[PDB]
Amino acid sequence: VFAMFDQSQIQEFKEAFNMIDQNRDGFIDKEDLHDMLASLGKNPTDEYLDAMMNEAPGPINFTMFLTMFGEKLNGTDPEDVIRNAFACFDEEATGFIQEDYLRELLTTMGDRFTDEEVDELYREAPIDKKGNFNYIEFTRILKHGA
Amino acid sequence: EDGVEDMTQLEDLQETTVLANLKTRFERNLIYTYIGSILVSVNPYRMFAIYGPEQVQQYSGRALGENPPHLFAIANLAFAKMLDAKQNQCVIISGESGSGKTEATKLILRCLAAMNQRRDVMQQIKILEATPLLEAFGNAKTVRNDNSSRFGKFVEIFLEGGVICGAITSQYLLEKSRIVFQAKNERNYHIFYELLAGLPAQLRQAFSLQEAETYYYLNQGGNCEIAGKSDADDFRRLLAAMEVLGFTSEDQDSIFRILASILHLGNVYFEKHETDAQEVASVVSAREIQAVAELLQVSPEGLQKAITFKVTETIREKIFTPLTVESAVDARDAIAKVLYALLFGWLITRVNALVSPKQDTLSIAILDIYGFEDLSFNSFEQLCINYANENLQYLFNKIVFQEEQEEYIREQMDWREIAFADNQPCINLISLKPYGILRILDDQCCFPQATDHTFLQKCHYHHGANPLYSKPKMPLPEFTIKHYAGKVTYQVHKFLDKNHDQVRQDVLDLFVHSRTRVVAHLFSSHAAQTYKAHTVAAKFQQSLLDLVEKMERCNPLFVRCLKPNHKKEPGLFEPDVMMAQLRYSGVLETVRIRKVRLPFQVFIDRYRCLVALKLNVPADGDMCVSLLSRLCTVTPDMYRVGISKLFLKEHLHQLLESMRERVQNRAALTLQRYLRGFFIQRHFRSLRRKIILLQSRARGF
Amino acid sequence: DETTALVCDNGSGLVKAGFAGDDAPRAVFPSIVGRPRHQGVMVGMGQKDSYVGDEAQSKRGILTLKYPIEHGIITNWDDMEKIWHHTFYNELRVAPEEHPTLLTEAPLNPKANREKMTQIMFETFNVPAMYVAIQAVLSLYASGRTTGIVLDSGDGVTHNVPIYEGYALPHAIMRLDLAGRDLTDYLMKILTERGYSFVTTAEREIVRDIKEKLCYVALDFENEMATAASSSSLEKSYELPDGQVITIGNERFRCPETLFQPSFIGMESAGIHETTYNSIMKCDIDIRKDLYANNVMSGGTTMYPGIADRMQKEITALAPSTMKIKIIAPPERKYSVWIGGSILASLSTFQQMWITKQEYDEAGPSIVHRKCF
Amino acid sequence: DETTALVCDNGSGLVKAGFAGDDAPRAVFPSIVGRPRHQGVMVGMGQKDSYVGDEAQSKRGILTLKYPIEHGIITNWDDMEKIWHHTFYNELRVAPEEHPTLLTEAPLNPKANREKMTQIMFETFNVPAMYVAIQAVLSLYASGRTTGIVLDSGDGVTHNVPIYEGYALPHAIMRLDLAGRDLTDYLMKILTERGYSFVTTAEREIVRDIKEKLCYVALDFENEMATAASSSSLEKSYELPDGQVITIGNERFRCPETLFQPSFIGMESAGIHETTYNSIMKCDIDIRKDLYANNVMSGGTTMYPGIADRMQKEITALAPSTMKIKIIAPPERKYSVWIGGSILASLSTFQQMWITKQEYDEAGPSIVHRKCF
Amino acid sequence: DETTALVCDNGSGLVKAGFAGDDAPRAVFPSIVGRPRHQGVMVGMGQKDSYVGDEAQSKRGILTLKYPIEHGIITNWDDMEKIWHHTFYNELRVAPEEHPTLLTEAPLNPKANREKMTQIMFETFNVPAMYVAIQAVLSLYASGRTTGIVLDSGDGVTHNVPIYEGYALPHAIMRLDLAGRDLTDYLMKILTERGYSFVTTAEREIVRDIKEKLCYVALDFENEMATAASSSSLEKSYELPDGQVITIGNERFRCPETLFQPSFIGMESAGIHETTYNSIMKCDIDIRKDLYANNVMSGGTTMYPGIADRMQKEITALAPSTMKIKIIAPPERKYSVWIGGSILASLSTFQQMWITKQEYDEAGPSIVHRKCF
Ligand SMILES: Nc1ncnc2c1ncn2[C@@H]1O[C@H](COP(=O)(O)OP(=O)(O)O)[C@@H](O)[C@H]1O
Ligand SMILES: Nc1ncnc2c1ncn2[C@@H]1O[C@H](COP(=O)(O)OP(=O)(O)O)[C@@H](O)[C@H]1O
Ligand SMILES: Nc1ncnc2c1ncn2[C@@H]1O[C@H](COP(=O)(O)OP(=O)(O)O)[C@@H](O)[C@H]1O
Ligand SMILES: [Mg+2]
């Protein structure tokens, strides 16, 4: 958000946006990234680089860009909010939340998210074998940086 | 261990919750449940271990804790209350016919006989052998049941410090109009058909009896035979019971003579003969009148005058006024009804005298009362039935409210006066003296030119503004009363014909001077005991008032027998049938009375999402209502949670629940957009910061 | 709670009292008060200054008998109090201060009579409630009808009241001061033609008994007189209290003839049949057909043999031949007013029409004019 | 879906109600409301404060009968609501909140009458749709014609409506406030010449029955009067409800004569024949020949014997001899308005001409002025 | 040549006779015929079988008094002949066979009455000429007006006749059979509430005298009743012929109240004020303003004190406030019909309107229907 900023990651976030967000039509272009990669000079070729990136959410606009800056990740995610949200679905203040419990909770309620996204989260989330997922260390790592 | 025994301890008591708990208990072969001190029993149509001495000793005294529900708990609770208060108590076994009230009464009788005296069981043997006689004289086939008890049996077991003395049996709320009128596809009392079927032939020749289809008092239903009942076997069993009960051959012959006299009196017709100033009813054939006179040992001319004449008798003269056809019909029906009532009273009095007690200091009363009735075509008899059920539901609600008040003072709290709306307005609507429905009916029974239409118009005029009273839109001959079990529509078709039950002094004098001892004794006793009750409704009200007056010197205990399925299938259950039975039995009146009762740990645990509740182990003084003040701007009205936790009113409860579900929605949205942020993080700072570094280093040396 | 109402049909000649809901009056006795007219010579015999009812007729030969009511109007208000006290205490054996009382009155009486009855009931006997009814309405109640014209005839007055579907037409109400007492006086007068002298008030009772036992109504007067003159088959004997035997002939039907010819006793009024026809013709043209077939007769003076036949004959002669004439004369019409009052006082809806003690205290004795009729 | 429409032809004297598609009205009863005018003396008898329809005529002799409609205008808006409620519930035994209703009205009535009927239908009875039609158009619908001039005469008003090929000429529409009720009043007035007095509203019904049964129209008035005076062969007898017999002579044809000579009741207007001729002459010269041969008569007042013959004679006298005059008087012309309304309400193309509840909610009660006619 | 005409205003209760041109009737006496009802015992006393007029009231206590006229219709045609013979010979002392006679009749009487009067005049008394007039026209003649509505009220009937510039509107003529005789009967009925019994026809005259002397009309009924109930200042005493004194209170103004509320005697008709307003509203809109200011009252029943004030109050309440209401009640309105008849019969131009004996011989008794009115 504009008021709240996580100074550890603001520099990388803004550098990425200034390398991606420019005065253009609005779609993400390979031109700027390729120029940054081959600024020194390299024979341009398409021998084995016919597909660079294809999983952008969609088009980007300066107005929608500012909305995204204010809401999604730029200086957002207060820790108390995450802890309260995770304790809302658990009765123990300890935060031992069964992994399968969160599976159905996420895959049935709200804008439903797939098991693929839950696994994607688990690619970095440390979980016990019995599934009582904890989030202190994971939340700190997400918020400070990596 | 998923089911529960007492639903009073539940935090949210709704009709759906009650149905779910009851069906969960029934699916585990657990019949009996608890509503505070009120037992609920579902008829399983299957033999269950509701007996055995080991159950008696298990429930003996207060050593069990009432963890498992059973009728023996009701029995020993009544015994303990008697030994504590030194006062009588009564147990009311209500419910529909076939719902299991009869064997419940028999099991209670066996349990008391086993646990009180445990040295002599002659009282229970003597009181069980009288059951078939009462069942034959007080049951009939209806459009809903094949064997329905049309009266309230009152068995009083006298106890003297654990010693079982003699028992007194009493009858109440007997249906007088069924003796002379039956609707479609229903019969009279079983006794007439059993007598006409199983009687020896020479008895029939002596009484000039015939098949049941010929008699007018029996053929009105159109189906004089029950598919699945043997009249001869039951009649022989009744003879065996009378022989055991000391009824000699002469007494049985007199009873058969009385019943045959009633049957023959039912077959008398009248013709409209022309007189100088009126129409006069004259008997068609004198054969039936003479047969009745011979069977009852009374004068034939006396009977014919008592049927076709009205007597105005002062000190200095006696005037005979001829009657009309309708008046003669009413007189004949009144004579038949009074004969049957006197005979039943005599049988019960003799049975009581056979097992007469010695002292009267303590007593346990058992009432086997029929319940709510809501058929398709609905009429006067069911109106009286529902009036009696409303008067019983008054006491049921009183007991429920007493338990609620005891719960409110059970722990430590500033006990407030809880509001409670009883069903008094319905009782006033039906039978209040100025303009009650039954009072209007009684007034119309002597008014000059009153018919059913005029009675309906009077009811509509007097009760048009009553919230419980409802008129049909089209001019249909009916009205609707909002009972505790829902709207009930009564069809006014023969309300005036079914209410005429006036017997004059000339008939009583004729019947006293009979040549047989039993009839003369009965009518002399009736004349000695006899009153401004000249209608069926007035006598029903008097009998119900007597029954209630017998039942305030004690604290009643209620047993509610239900029915899971109308097909008597042992195991098959339906939800709509359960809802209908719960509405009719008055169980849901407890839920209506409850509306506050919700728990404490629920608020402790799942209401932290609002302001992320800072404290731990909130105590009796926990910041609880002030939580609402600073979070929801809710008026302080929820009483107190503390130890005694029954505070939350329904609308506040739903408001908080739906606030909670918005909170869950918003928290889920926040988490999901945060997780989308994490996905874009891993995406971008994977595909650049984990790839360009590797490529640059590889290009490096 | 269960306070049974009292129905008291105090007529000019008889008191008919009882409890509401009964089929017959409990107490029926003459409405007379007697006082000694001779000299008491034995010590202790003669300490009673008044005799009321049947005890006044047991001592008939030493007393002067007086009626407190003539022509339906109470003229002696102390004898009436004595009679009411007798009825309440010695006859019904009931305490009036705990029973509502229903009383009757003729349709066209003075208002002071009704006000005084109300005052006496509410101040002397302390009844909790009161109502004053019209005798013809009670006759219809006893007859089991809502439409009809009633010819009530006691021994004070004769009145006609036409009622249709429970609605009365007050402008068509008739009244005659010719009834049983005048018949007794006329019979006493015409018994002198054979040499029988009845003078005192005690012989009035003997003449009344003769009239009740022997008199009848002739279907046609002239041929009856011709038959009585041409033979001696219509004569009957009567035994006097001291053993003397009297014989009367045409006096048997000449006495009740004054009901149809009031000119015998010097009155200009019309007969009961013409009075009934005139009362019918004062009603609406759509009411007359139903009234013609619902002629209800009530009272003791209507108890003569053959009176209904002659009434039907006279009305048929007067009314058009198209209509159907019916005279309803039930065998118990002597008690029809009391029976109707008993039926009315026992109704549950009637409990709101009583004149309570509070209303009397608020409004004076004039409350009875707006509460009743 | 299949919601049958209701046709209610509420006239000044009779209500004709039924279901669309039927061949006859289901309910026909007088449009009267009666109230008791006497004193109720029996307890419980007299709890009804109003009688509507046939039950008001059964109790005719104790009630005051009043008509809610005079001359086609509703003057009592509570009695009219009572009558409509009776028609919908006690007579048709139908729930009005699920049936479109078709009502009729005279051509030249005040607009407030129509607006008030619309408001009552849409707010008190909650009908889903409504339409108000003109009675002469429905008479043509029942007669199976599209061209003709209609002479409708109930007992409130008499009107003429000329229609050619389904096109109405509103400037040629006539109206007279002379109809059956005025005929009943005039007969009541002229019955006093023989000494018969009918005063109350209950005797108005008897006079109306006499008029319906005995009155007729004479082909020529003067020679009919001469014949009636010179003999006694035109006299007929009538029996009153109480049995009295009345006799009337020239009053039989003098009563309907006021339709052709309104001067008998002191009106300056012209007769029905001259009114019809004037209405014809106000149309186009090319329409007159077809109208002359399509004179359609409707209503109960046109039911007199010999009325069509005299109408044809008078029109022939007025119109030129070249034209051909035809008077169409079907035997069922007493119900022609209802039959036409039933035919019209059952058409599938008519379903778009109803006044729906939404249109009323949008436009107020004034929508009926632009949706109807 | 100089044959003075006779004016005979034979009403229901009084006969007013005299000679044309005089200012007052020569003979005024009651229209009664009496016959003995008792037994004559002296030889020679009892040879008279009838008494007519004042001699019938001198012997009132032994006679039965009968009226030949009720409600303006002669019902006894021999008593009427006796009364006319008395009037012509014993009272006026004139020979009828040489004087034209002018008679009066109510506006809406049966025709047989007029025909029979014509026949009796021309065949029994042999008058040379005859005319039958309408009483309201004669009232206007006596009042000196040509425009106005007349409310005549004798003791048989009450009628309204609106006349404008000498032109009568027959369709607006009203008639009520409620007049002085009904008032006498109602007073007789309501005098029983205080215990006064007047039964015979001879006591009807005493009641009539009481009504004439003491009764009056209250300006407003309810507050008058409240004042009479709250005090005793409205009571007056009357002395009976035998010396007994009676007292009446609210009966003084309750008796004439039945003229404005006919419901007291069980009639459905409207009061005289509403009848007059209805008669006015049946006239042309250009006539109403002149009629409102020319309300002429005539007859003996209009002689109550305060009747004109209440009539003006009621008409003002009914009529619009713009109009001016005048009630003309001359002090001699009891004889206005006779005065007008005397004025009319003395005119020279009227000599051509008589019904001569030759015309009667030519045309039968039916000539009076075309010669008169
Ligand atoms: N059987 C009878 N025949 C003739 N007259 C009778 C008969 N019975 C009673 N009466 C007369 O009727 C009168 C009493 O009738 P009742 O109706 O009791 O009068 P009231 O109601 O005024 O007291 C007495 O005069 C009596 O003589
Ligand atoms: N057969 C008949 N002869 C004469 N008049 C009749 C006849 N039938 C009905 N009427 C008169 O017609 C009038 C009713 O006709 P109707 O068309 O129903 O009137 P509306 O339509 O105004 O209700 C009544 O006044 C009635 O007297
Ligand atoms: N001063 C008066 N007050 C009240 N009523 C009167 C008065 N004078 C006469 N009458 C009544 O008017 C009636 C007679 O009036 P009159 O015009 O002579 O009648 P009619 O013309 O019919 O003979 C009588 O009934 C009489 O009682
Ligand atoms: Mg019509």
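Sequence positions are given from 1 along each chain as written, possibly unlike the numbering in the entry, and residues without coordinates are left off. The order in which chains are written sets their letters, starting at A; the order in which ligands are written sets their numbers, starting at 1. For side-chain calculations, the full set of non-hydrogen atoms in the structure is used, while hydrogens and water are omitted.

- Listed as the method for this PDB entry is cryo-EM; the listed resolution is 3.17 Å.

Details of the overall build of chain B
Then comes step 1: Within chain B, the regular secondary structure consists of 26 helices and 16 strands.
Then comes step 2: For chain B, the C-alpha radius of gyration of 33 Å lies well beyond 27 Å, the compact-globule estimate for 701 residues.
Then comes step 3: Each principal axis of the C-alpha atoms in chain B carries an extent, and together these give about 140 × 65 × 55 Å.
Then comes step 4: The burial tally for chain B puts 53% of its 701 residues in the buried class.
Then comes step 5: In these tables, accessible area is a Shrake-Rupley quantity obtained with a 1.4 Å probe, and a residue counts as shielded only by the protein chains included in the view. A total of about 32500 Å² of accessible surface is found on chain B, and carbon and sulfur atoms cover 54% of it.
Then comes step 6: Neither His nor the chain termini are counted; the positive set is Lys and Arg, and the negative set is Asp and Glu. Charge coordinates come from a single atom per side chain, which is NZ of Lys, CZ of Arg, CG of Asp or CD of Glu. Computed over 83 positive and 80 negative side-chain charges, the inter-centroid distance for chain B is 11 Å. Numbering goes from the N terminus for both helices and strands, where a helix is a DSSP run of H or I of at least four residues and a strand is a run of E of at least two. Every radius of gyration here is taken over C-alpha atoms, with the globule rule written as 2.2 Å times N^0.38, N being the number of residues. Residue exposure (1.4 Å probe, protein chains only): buried if accessible area is under 20% of the type maximum, exposed if over 50%, otherwise partly exposed.

Overview of the site of ligand 3
Residue and element names in this part refer to chain E.
Then comes step 1: Surveying the vicinity of ligand 3 reveals 17 residues, the closest of which are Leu14, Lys16, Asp155, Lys211 and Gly300.
Then comes step 2: A 3.5 Å cut-off defines polar contacts: any pair of N or O atoms within that distance qualifies, except that in protein one atom must be a possible hydrogen donor and the other a possible acceptor, and neighbouring residues in sequence count only when both atoms are side-chain atoms. For ligand 3, an oxygen atom lies 2.8 Å from a polar atom in the side chain of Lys16.
Then comes step 3: Between ligand 3 and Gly300 there is a distance of 3.0 Å, counted from an oxygen atom to a backbone nitrogen or oxygen.
Then comes step 4: If ligand 3 stood free it would expose 580 Å²; the protein chains cover 87% of that surface. The criterion for a residue being near a molecule or strand is simple. One of its heavy atoms has to lie within 4 Å of it.

Looking at the interface of chain D and chain C
Where interface size is quoted, it is often the accessible area lost as the parts come together.
Then comes step 1: In this assembly, 25 residues from chain D lie in contact with 30 residues from chain C.
Then comes step 2: Approximately 2400 Å² of surface area, both sides summed, lies buried where chain D meets chain C, with 62% of it carried by carbon and sulfur atoms.
Then comes step 3: By definition here, a salt bridge exists when the distance from a side-chain nitrogen of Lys or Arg to a carboxyl oxygen of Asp or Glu is within 4 Å. For the pair chain D and chain C, the interface holds four salt bridges.
Then comes step 4: As a salt-bridge pair, C:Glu165 and D:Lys59 come within 3.7 Å of each other at their nearest N and O atoms.
Then comes step 5: Viewed at the interface, chain C and chain D are joined by five residue pairs in polar contact.
Then comes step 6: For the side of chain D that touches chain C, the elements supplying multiple residues, two or more each, are β5 (39-40) and α6 (201-214) of chain D.
Then comes step 7: Among the elements that line the side of chain D that touches chain C, the one with the most residues is α6(D), at three residues.
Then comes step 8: By residue class, the composition of the side of chain D that touches chain C is ten nonpolar, eight polar and seven charged.
Then comes step 9: In this scheme, strands are said to pair when DSSP sees at least two bridges between them. Judged from the two bridges that link them, strand β13 (residues 167-168) of chain C and β5(D) form a sheet pairing that is antiparallel. Looking at the pairing, C:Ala168 lines up with D:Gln39 of β5(D). The criterion used for residue contact is that any of the two residues' heavy atoms lie within 4.5 Å. Accessible-area loss on putting two parts together, using a 1.4 Å probe and summing over both, is the definition of buried area adopted here. Residues are sorted three ways: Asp, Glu, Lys and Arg are charged, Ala, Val, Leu, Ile, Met, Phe, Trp, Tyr, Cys and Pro are nonpolar, and all the rest, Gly among them, are polar.

Some words on the UniProt feature "coiled-coil region" in chain B
Then comes step 1: UniProt positions are given in the numbering used here, feature names are shortened, and annotations may be inferred rather than shown by experiment. The UniProt feature table records "coiled-coil region" at residues 103-130 of chain B.
Then comes step 2: The span residues 103-130 of chain B carries 71% helix and 0% strand; its end-to-end C-alpha distance comes to 15 Å.

Some words on the domain arrangement of chain B
Then comes step 1: If you check the domain split of chain B, you get domain 1 (7-171 + 354-382 + 553-594), domain 2 (392-491) and domain 3 (601-666).
Then comes step 2: Placing the centre of domain 1 of chain B and that of domain 3 of chain B at their C-alpha centroids yields a distance of 41 Å. For the domain bounds, the source is a domain assignment made automatically or taken from a database.

Some details on the site of ligand 1
Residues and elements named next belong to chain C.
Then comes step 1: Taken together, 17 residues form the shell around ligand 1, and within it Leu14, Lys16, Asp155, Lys211 and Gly300 come nearest.
Then comes step 2: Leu14 is positioned with one of its backbone polar atoms (N or O) 2.9 Å from an oxygen atom of ligand 1.
Then comes step 3: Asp155 is positioned with one of its side-chain polar atoms (N or O) 2.9 Å from an oxygen atom of ligand 1.
Then comes step 4: In isolation ligand 1 exposes 580 Å². Once the protein is present, 87% of that is buried.
Then comes step 5: Counting only elements with at least two residues in the shell around ligand 1, the list comes to β2 (14-19) and α6 (201-214).
Then comes step 6: At three residues, the largest contribution of residues to the shell around ligand 1 is made by α6.
Then comes step 7: Counted by class, the shell around ligand 1 contains three nonpolar, eight polar and six charged residues.

A word on the sheet that holds strand β15 (residues 486-491) of chain B
Residues and elements named next belong to chain B.
Then comes step 1: As summarised here, the arrangement of the three strands in space is β13-β14-β15, forming an open sheet in which the pairing is antiparallel. Strands with a single pairing partner mark the edges of an open sheet, and in this sheet they are β13 (469-470) and β15.
Then comes step 2: As defined by bridge partners, β13 adjoins strand β14 (residues 478-483) across two bridges and the pair is classed as antiparallel. When the sheet's bridge partners are listed, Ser470 is paired in β14 with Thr480.
Then comes step 3: Where helix α15 (residues 424-431) meets the sheet, it contacts β13 and β14, and its direction lies at approximately 155 degrees from that of β14. Helix axes are fitted only over the stretch in contact, all axes being lines through C-alpha atoms; the angle between N-to-C directions runs from 0 to 180 degrees.

Re the interface of chain C and chain E
Then comes step 1: Across the contact, nine residues belong to chain C and 13 residues belong to chain E.
Then comes step 2: Between chain C and chain E lies a buried interface of about 780 Å² when both sides are counted; carbon and sulfur atoms form 50% of it.
Then comes step 3: Along the contact surface separating chain C from chain E lie zero salt bridges.
Then comes step 4: For the pair chain C and chain E, the number of links is three residue pairs in polar contact.
Then comes step 5: Per-class residue counts for the side of chain C that touches chain E are three nonpolar, four polar and two charged.

What about the packing of aromatic side chains?
Then comes step 1: Two rings belonging to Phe, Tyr or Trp (six-membered ring only in the last case) form a pair when the distance between their centres is within 6.5 Å. Interplanar angles under 30 degrees mark stacking, angles over 60 mark edge-to-face geometry, and anything in between is tilted. Enumeration according to the criterion identifies 53 aromatic pairs over all chains in this entry.
Then comes step 2: Between A:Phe86 and A:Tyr135, the ring centres sit 4.9 Å apart and the planes meet at 85 degrees, which makes this aromatic pair edge-to-face. One end of the pair, A:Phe86, is in helix α4 (residues 79-88); the other, A:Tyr135, is in the loop between β2 (132-133) and α7 (136-144), with 49 residues separating them in the sequence. A:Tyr135 carries the same exposure label as A:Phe86, and that label is buried.
Then comes step 3: Through pairs of rings, three or more aromatic residues link up here, namely B:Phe137, B:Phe151, B:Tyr189, B:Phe192, B:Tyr340 and B:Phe344.
Then comes step 4: The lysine or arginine in question, D:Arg310, covers the ring of D:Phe260, its NZ or CZ lying 4.7 Å from the ring centre.
Then comes step 5: Ring-over charges, as used throughout, are those where CZ of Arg or NZ of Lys falls within 6 Å of the ring centre and within 35 degrees of the ring normal. Across from the ring centre of E:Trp77, 5.2 Å away, lies the NZ or CZ of E:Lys116, which sits over that ring.

Details of the arrangement of the chains
Then comes step 1: Ranking the six pairs of chains in contact by contact count places chains C and D at the top.
Then comes step 2: The smallest C-alpha distance separating chain A from chain C is 65 Å, and no contact links them.
Then comes step 3: Left apart from each other, chain A and chain D have a closest C-alpha approach of 41 Å.

Quick word on the packing of helix α18 (residues 505-512) of chain B against helix α19 (residues 517-529) of chain B
All names here are of chain B.
Then comes step 1: With their axes 8 Å apart at the nearest point, α18 and α19 run at an angle of 145 degrees to one another. For the element pair α18 and α19, the recorded crossing hand is left-handed. Only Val519, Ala520, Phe523, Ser524 and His526 of α19 make contact with α18, whose side of the interface consists of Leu508, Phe511 and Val512.
Then comes step 2: For the contact of α18 with α19, a count of residues per class yields six nonpolar, two polar and no charged. A clockwise turn of the near helix away from the far one marks a right-handed crossing, whereas an anticlockwise turn of less than a right angle marks a left-handed crossing.

So, the pairing of strand β12 (residues 158-164) of chain C
Residues and elements named next belong to chain C.
Then comes step 1: The element β12 is largely enclosed, with a buried count of seven among its seven residues.
Then comes step 2: Covered by surrounding structure in β12 are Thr158, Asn160, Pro162 and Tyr164 together with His159, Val161 and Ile163, the residues of both alternating faces.
Then comes step 3: Between strand β11 (residues 148-153) and the antiparallel strand that follows it, β12, lie four residues.
Then comes step 4: Pairing between β12 and strand β14 (residues 174-176): three bridges, direction antiparallel. Pairing of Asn160 across the sheet is with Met174, part of β14.
Then comes step 5: Pairing between β12 and β13: two bridges, direction antiparallel.

Some points on the pairing of strand β16 (residues 236-239) of chain D
Residues and elements named next belong to chain D.
Then comes step 1: As paired strands, β16 and strand β17 (residues 245-248) are joined by four bridges and run antiparallel to one another. Directly across from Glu239, in β17, lies its bridge partner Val245.
Then comes step 2: Where β16 folds back on β17, the antiparallel hairpin that results is connected by five residues, among which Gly243 adopts a positive phi of roughly 105 degrees.

As for the pattern of salt bridges
Residue and element names in this part refer to chain B.
Then comes step 1: Throughout the structure, instances matching the rule amount to 105 salt bridges over all chains.
Then comes step 2: Close ionic contact of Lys229 with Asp234 constitutes a salt bridge, the shortest N to O distance being 2.7 Å.
Then comes step 3: Owing to a relative accessible area of 28%, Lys229 belongs among the partly exposed residues under this scheme.
Then comes step 4: The exposure class of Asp234 is buried, given its relative accessible area of 13%.
Then comes step 5: Taken together, the shared-partner salt bridges in this structure form one network comprising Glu96, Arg144, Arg150, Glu175, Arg178, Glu186, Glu373 and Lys563.

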